[PDB]
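Note sheet for the following structure.
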Amino acid sequence: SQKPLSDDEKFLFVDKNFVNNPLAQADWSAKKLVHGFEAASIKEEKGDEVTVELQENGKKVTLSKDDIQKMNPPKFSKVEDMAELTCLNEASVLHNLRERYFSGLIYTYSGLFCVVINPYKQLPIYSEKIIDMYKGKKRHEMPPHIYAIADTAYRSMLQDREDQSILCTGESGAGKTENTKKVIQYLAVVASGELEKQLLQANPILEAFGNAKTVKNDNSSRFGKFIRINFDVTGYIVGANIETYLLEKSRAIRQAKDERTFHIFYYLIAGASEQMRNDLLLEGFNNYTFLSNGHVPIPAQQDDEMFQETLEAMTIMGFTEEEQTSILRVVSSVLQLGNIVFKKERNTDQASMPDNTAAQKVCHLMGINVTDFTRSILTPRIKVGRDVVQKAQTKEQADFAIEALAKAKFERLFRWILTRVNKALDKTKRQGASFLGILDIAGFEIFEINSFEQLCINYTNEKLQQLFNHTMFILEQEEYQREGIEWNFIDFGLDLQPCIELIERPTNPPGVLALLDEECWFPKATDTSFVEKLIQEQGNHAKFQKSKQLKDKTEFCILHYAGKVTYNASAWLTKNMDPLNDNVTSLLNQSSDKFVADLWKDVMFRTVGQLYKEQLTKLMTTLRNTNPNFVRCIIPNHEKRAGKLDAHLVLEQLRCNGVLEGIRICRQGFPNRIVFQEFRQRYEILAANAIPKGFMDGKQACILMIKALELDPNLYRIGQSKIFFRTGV
Amino acid sequence: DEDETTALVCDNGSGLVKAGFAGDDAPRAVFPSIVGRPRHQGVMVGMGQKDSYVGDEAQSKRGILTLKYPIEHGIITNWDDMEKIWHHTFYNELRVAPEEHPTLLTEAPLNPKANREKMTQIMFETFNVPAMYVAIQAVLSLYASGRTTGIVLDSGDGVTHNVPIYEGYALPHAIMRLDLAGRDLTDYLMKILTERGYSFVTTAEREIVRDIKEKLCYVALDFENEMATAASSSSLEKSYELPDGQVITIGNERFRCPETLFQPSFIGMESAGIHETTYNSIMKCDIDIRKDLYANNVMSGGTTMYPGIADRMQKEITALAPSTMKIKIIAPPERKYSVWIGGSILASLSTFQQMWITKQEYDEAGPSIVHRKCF
Ligand SMILES: Nc1ncnc2c1ncn2[C@@H]1O[C@H](COP(=O)(O)OP(=O)(O)O)[C@@H](O)[C@H]1O
Ligand SMILES: [Mg+2]
């Protein structure tokens, strides 16, 4: 794993600066040496306005401290793990990342993170030889790589008897499926199938039903998933089972400017044959309420082919031609549900349907009685016990019930397919003693202004990053326990805890999402009144940022993990809904189309936020029962220019990946931890005096040198094999 | 559950008792605040193996039981049988632990302190509850209607009230306590059924008359002309088949009793009618306030479940209201359990935690904690 001459190590081994010299004067400029940054020397401080000489270009320029950090010694050029820097300044982290990616070093360590930057080309550095190079190797011994992480995980399962999980997250497309595959392939060789070919075909199917287009990514999964790889008690792969959480169901019924709903809706209308369109009651893109918005097409793409492609995959997956069609009957009927609109009655309408042809279209495809359908929607009946109470709803609620159904149907359909994937994937006979839960999920999502969907996403993300902060803390304290380090500090997950409660918190002063729940219960609640509730309750929310005197008429901000984010909330009461009527559910069970009957072969409202809280909890709990391994996905260049890295795009993602914040946690500990004998070697030229680079009393000798150095006791701590040192020390 | 609260809802009354819980959509069980006792007791040919029957039990065995009314107005007559009612509510129907889930009791506007003492003491001594909130009957209906302001009229069999809600809250004089409810229309119905040729001597038969009212009582718009019209003893005359073997036929009398509600002179009294006493309570507010009160005139209760009441009340309100003001009666789709619904709503809201009274607070301040929390 250490030979550049070989292509399997060419884009792996860190060929860098090997000056090998402990004297700070020899390996660092005598002057105050300072989203790429220019080499500069600090000349004069006028407050934040610090004038520096931009040595890079020879330009004496006044520059705010905002862009001024101490540049680390040249000897740290492209180190394997960013945590190896003397002073953890992200200016040099970014430069190492730029240099490393440019040099072919796609894999980078950063504390606990296995950073993967997309090369936009195939790199040989994942061969079976390379597998063997990491097989049984202790992480740091070899260059950064998922294989090392996979090795760790494997032997943690095998030797330590601990269930593992891969928290792989960031930007979709940046080695999304690759990174997953890297883990699987590592162990395909070590922990040693055919049924995953079907899983590979399932991927694009589930993308049709799970991915959508947005502003910053045109193939983003609108859900989180993980792959449970099952292992034999003796450490062998015997099977796999996948599961999804937090499907952005609202995506099936709405799309914003520059967005597309779930791809399948377009694949079907565009790619269906005329015979299919007739049989499926398909109309054009302007014939639906759903999919309303001019952003239907994608430049240089073709839905026709992708449609067909999906069907080809489905064939491979074992979907019967009729099942395939039935699935598309559902898809179509969802769009036809969009076309259902209620009577304009001036009570909260029981509603009215002068012409329910759209519903007839839906019930044609479903094979259900449109008049039972309509009637029960007009006045939903809720079984209490022996009695059933016809709970009449308004026409607005009836409209929402249709959208609720639409969303529910899409999800059911999705889950059905998902189940079928597992029917193909998850082999029956198998030991499944342990497992590796490979988590595949997007990182923080930030636009110029976010909405509900993003709130839930970022809420999700902070829950998951809490797993990181918590875990990281433990791991740091584990070393403190191994050593004699008493700096307990604080459980860093508590940084997210109030940010999480800000959303999650129910009774007691409600959080933001809980207020949305409140507001979606009172009949005449508005989105303005929601904002007013935020204004009232935010005095108790330290992590909530009330906006400006004029701005607080609608928008407000939240102090998120990935940076402060402005949220809109102009229509959140129309989002946090879902009046799903189970009279329809029953009718669907009673469908003539038996596919549909199977979808709902067995059998309220709540809120969308609440549903995500539940699903999140299930995911988080499952992940917390394992040992988090950390992998992050970065897009260095949106033009896909292999070899180009824009630190702008990257730093943004470092923050959204928790890497930049991970650095802050490291800044709060002891990054530079030096081995007692090492310390004598590192600081001999730096004022040895009585103690050279070797001395009898292991611990005191180093301490004597520390006294000579005159270091501050609050910046270090004497361990058992190391002396812990803070960043910059 | 266990560690978490989740409140319970109990909307009692001499009419119907609605059992449920916070966030519930519809009452789990409904039965009158009535407790029956066998005339013979002990060993009987036809009994339910009890010497004390509650709610549906009492109404199922009317033929053998003497019917007592622990709630009479909403006034507690027998607080021991009130425990039986709440036993039936929480233990039998709901089947939940009161030493765990906070509870919510409803209260008729202008309720004597003695009743508050009886209710509070029991809940924190017999059914020991972590916290219990007493909520104003009528006001709960307002919330169920989906409003935070307006006239709040609640008119059933027990007692008719009106609690106008505005910037501030109605005081003991703008709150109506009308002694002219369905109880009086029930007894009047009985009397005019004897005019036809029927007899309802016993308490069980008194209840049968009330049960008859439920499914026939029609609210006329033009009594005189409809009285003549409904003389059709064939096409418009309709009987009530009591599931037991008794059929009571009623003609144009179906809309004779409602007239007593609007005009007690139909009984023989000079008392003001429901819309006149309502008007009287409306005049206790400012001109600006009563305009908004008219705009959202929320009505619920048994007397608002009868056909024709929507148009009749609207006419009557506009008769006693400025023509320059917006006048609209609010008629929810569910006006029978509108009070219970309000309880379910507020109990599910976090604001319940700032309204309830805890057992600790009771134990310290005693019964007086009720008014110490709020009057
Ligand atoms: N189907 C019905 N039609 C008309 N009135 C009904 C019907 N069912 C029930 N009611 C009446 O509605 C009223 C129930 O209102 P409620 O507020 O629970 O009563 P109360 O407060 O008098 O205990 C009773 O007077 C009952 O007779
Ligand atoms: Mg009522």
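A quick note on method: Cβ atoms are made from the backbone with ideal geometry, for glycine too, and the neighbour counts reach across all protein chains shown. Each reported figure results from applying straightforward, stated rules to the coordinates on display, with no laboratory input.
Report, ordered by the first and then the second residue, all pairs with beta carbons closer than 8 Å, sequence separation of six or more or different chains, a first member in the stretch B:323-339 that is more than 11 Å from every other protein chain (Cβ to nearest Cβ) and more than 13 Å from ligand 1 (Cβ to nearest atom), and a second member that is assigned to a loop (DSSP other than H, G, I, E, B) and aliphatic (A, V, I, L, M).
As it stands, the answer is B:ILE327/B:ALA321, since those pairs meet every condition given.
Please go through (1) under 30 Å from B:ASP25 (Cα atoms); (2) within 16 Å of ligand 1 (Cβ to nearest atom); (3) crowded, with 23+ Cβ neighbours inside 10 Å for B:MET123 and return the number of the only condition it doesn't satisfy.
(2)
What's the total number of residues in the stretch A:608-626 that are buried (at least 20 other Cβ atoms within 10 Å of the Cβ) and more than 17 Å from A:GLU462 (Cβ to Cβ)?
Residues in the stretch A:608-626 being buried (at least 20 other Cβ atoms within 10 Å of the Cβ) and more than 17 Å from A:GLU462 (Cβ to Cβ): 2 in total.
Considering only the stretch A:340-363, state which residues are touching a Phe, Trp or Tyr at 6+ places or on another chain (Cβ under 6 Å) and away from chain B (no Cβ under 14 Å).
Across the stretch A:340-363, the qualifying residue is only A:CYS363.
Those residues that are assigned to a loop (DSSP other than H, G, I, E, B) and either surrounded by 14 or more Cβ atoms within 10 Å (Cβ to Cβ) or among the charged types (D, E, K, R) (or both), I need them from the stretch B:305-319; list them, please.
Of the residues in the stretch B:305-319, the ones assigned to a loop (DSSP other than H, G, I, E, B) are B:305-308.
Correct list: B:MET305, B:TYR306, B:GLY308.
Determine, yes or no, whether A:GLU537 is surrounded by 18 or more Cβ atoms within 10 Å (Cβ to Cβ), within 30 Å of A:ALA408 (Cβ to Cβ) and within 14 Å of another protein chain (Cβ to nearest Cβ).
Values: surrounded by 18 or more Cβ atoms within 10 Å (Cβ to Cβ): yes; within 30 Å of A:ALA408 (Cβ to Cβ): no; within 14 Å of another protein chain (Cβ to nearest Cβ): yes.
Answer is no for this residue.
Within the stretch A:574-593, track down each residue that is closer than 30 Å to A:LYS553 by Cα and either within 14 Å of another protein chain (Cβ to nearest Cβ) or buried (at least 19 other Cβ atoms within 10 Å of the Cβ) (or both). So that I can check it myself, show each step before the final result.
So the first thing to find is which residues in the stretch A:574-593 are closer than 30 Å to A:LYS553 by Cα, and the list is A:574-579.
Correct list: A:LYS575, A:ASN576, A:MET577, A:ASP578, A:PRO579.
Need the failing condition index for A:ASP279 against (1) under 30 Å from the mean Cα position of the chain (by Cα); (2) over 11 Å from A:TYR266 (Cα atoms), just the number.
For A:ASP279, the exception is condition (1).
Out of all the residues in the stretch B:106-129, which are among the polar types (S, T, N, Q) and more than 22 Å from B:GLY20 (Cβ to Cβ)? Quick ask: steps written out before the conclusion?
Applying the first criterion (among the polar types (S, T, N, Q)) to the stretch B:106-129 yields B:106, B:111, B:115, B:120-121, B:126, B:128.
Passing the criteria: only B:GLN121.
Being aliphatic (A, V, I, L, M), in a loop (DSSP other than H, G, I, E, B) and within 13 Å of chain A (Cβ to nearest Cβ) is the filter here, so list the residues in the stretch B:17-50 that pass it.
First, pick out the residues of the stretch B:17-50 that are aliphatic (A, V, I, L, M): B:17, B:19, B:22, B:26, B:29-30, B:34-35, B:43-45, B:47.
Those still in the list that are in a loop (DSSP other than H, G, I, E, B) too: B:22, B:26, B:34, B:43-45, B:47.
Of everything in the stretch B:17-50, those that are aliphatic (A, V, I, L, M), in a loop (DSSP other than H, G, I, E, B) and within 13 Å of chain A (Cβ to nearest Cβ) turn out to be B:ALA22, B:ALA26.
Out of the residues in the stretch A:116-171 meeting the condition of being in contact with a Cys (Cβ under 8 Å, 6 or more places away or on another chain) and part of a loop (DSSP other than H, G, I, E, B), tell me which one is nearest to A:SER192 (Cα to Cα).
Here the answer is A:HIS145.
Are any residues in the stretch A:494-526 farther than 23 Å from A:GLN393 by Cβ, more than 9 Å from chain B (Cβ to nearest Cβ) and of a type in the set (S, T, N, Q), and if so, which ones?
Answer for the stretch A:494-526, where residues must be farther than 23 Å from A:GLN393 by Cβ, more than 9 Å from chain B (Cβ to nearest Cβ) and of a type in the set (S, T, N, Q): just A:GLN497.
Do we have A:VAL596 as part of a helix (DSSP H, G or I), away from chain B (no Cβ under 14 Å) and either surrounded by fewer than 17 Cβ atoms within 10 Å (Cβ to Cβ) or among the hydrophobic types (A, V, I, L, M, F, W, C) (or both) here? Break it down into steps so the answer makes sense when it comes.
Numbers: part of a helix (DSSP H, G or I): yes; away from chain B (no Cβ under 14 Å): yes; either surrounded by fewer than 17 Cβ atoms within 10 Å (Cβ to Cβ) or among the hydrophobic types (A, V, I, L, M, F, W, C) (or both): yes.
Yes: the conditions hold for A:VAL596.
Going by the structure shown, is B:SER350 within 16 Å of ligand 1 (Cβ to nearest atom) and either touching an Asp or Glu at 6+ places or on another chain (Cβ under 8 Å) or within 14 Å of chain A (Cβ to nearest Cβ) (or both)? So that I can check it myself, show each step before the final result.
Numbers: within 16 Å of ligand 1 (Cβ to nearest atom): no; either touching an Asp or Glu at 6+ places or on another chain (Cβ under 8 Å) or within 14 Å of chain A (Cβ to nearest Cβ) (or both): yes.
The answer is no for B:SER350.
Scan the stretch B:287-304 residue by residue and report those that are outside any loop (DSSP other than H, G, I, E, B) and more than 16 Å from ligand 1 (Cβ to nearest atom).
Filtering the stretch B:287-304 for residues outside any loop (DSSP other than H, G, I, E, B) gives B:287-295, B:297-300, B:302-304.
The answer is B:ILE287, B:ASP288, B:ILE289, B:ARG290, B:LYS291, B:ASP292, B:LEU293, B:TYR294, B:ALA295, B:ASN297.
Note down all Cβ pairs under 8 Å where the first residue falls in the stretch B:290-304 and is away from every other protein chain (no Cβ under 14 Å), the second is more than 16 Å from ligand 1 (Cβ to nearest atom) and in a helix (DSSP H, G or I), and they're at least six residues apart or on different chains.
Listed by first residue and then by second, the contacts come to B:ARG290/B:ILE282; B:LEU293/B:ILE282; B:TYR294/B:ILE282; B:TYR294/B:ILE317; B:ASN297/B:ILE317.
Taking the stretch B:251-286, which residues are under 14 Å from B:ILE151 (Cα atoms), of a type in the set (A, V, I, L, M) and part of a helix (DSSP H, G or I)?
Of everything in the stretch B:251-286, those that are under 14 Å from B:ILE151 (Cα atoms), of a type in the set (A, V, I, L, M) and part of a helix (DSSP H, G or I) turn out to be B:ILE274, B:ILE282.
Within the stretch B:108-166, considering only strands (runs of 3 or more DSSP E) that don't extend past its boundaries, which have at least 1 residues that are within 24 Å of B:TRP79 (Cβ to Cβ), more than 14 Å from chain A (Cβ to nearest Cβ) and among the hydrophobic types (A, V, I, L, M, F, W, C)? Before the answer, list the steps.
Values: elements: B:131-136, B:152-154, B:160-162.
Here the list reads B:131-136.
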